[PDB]
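First up is the structure itself, then whatever we jot down about it.
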């Protein structure tokens, strides 16, 4: 993953979310768009992007009850190694990959 | 600038702000600390960091004077200054948005 910071365009990526829990659900995997956000401590899936039957627990933010597998997809369709998280769920303008995820991908902010 | 993304550390930098207007001010340049926020479209200075005689125009407000922004690295080296009209708001920490990020030529990368 390598994305140039641009004022006018948000650093958006496509992500594959996979519910890995035992609880039965309509769709095990979904595709979403999420912002690479260096200012967020943790990852948050918007209420709009979160599957209705995917259970949440009172962490305003709720937290995924189940462990989610997160697959970041590069602009050319190449895949980063997946991460296992328990994302937050909230009413935010869009899904956000926080520093828990940025760290897991081994990202750095640089001009070198 | 090179900063590893870590869950436990907020990517904070020291910044020098300089008011470039005509009118007198008590302090023309101040030191603050701010967060590098790729999720922020615009740079925002907390009201707590913003000098009181530095005018704003009409929740956020925009600086009336053009402000020079110089990021200072941990080791004290200076990055190239940028000219902007930052927003001022009731946040609890100043934020450097992508307006500054792009000016700095930054990239998010594992390569």
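Computed values, structure above
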read-out: Of all residues in segment A:87-107 being part of a helix (DSSP H, G or I) and farther than 12 Å from residue A:37 by Cβ, the one that is farthest from the other protein chains (Cβ to nearest Cβ); value: A:104
read-out: Complete set of residues in segment B:1-21 that are more than 14 Å from every other protein chain (Cβ to nearest Cβ) and outside any strand (DSSP E or B); value: B:20, B:21
read-out: Count of segment A:26-54 residues which are more than 14 Å from chain B (Cβ to nearest Cβ) and surrounded by fewer than 15 Cβ atoms within 10 Å (Cβ to Cβ); value: 9
read-out: Candidate set: segment A:36-86, residues that are assigned to a loop (DSSP other than H, G, I, E, B) and within 12 Å of the chain's Cα centre (by Cα); chosen: the one nearest to residue B:106 (Cα to Cα); value: A:37
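Using ideal geometry, Cβ is built from the backbone for each residue, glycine included, and neighbour counts are taken over all protein chains shown. FYI, it's all coordinate maths here, none of it is from the lab.
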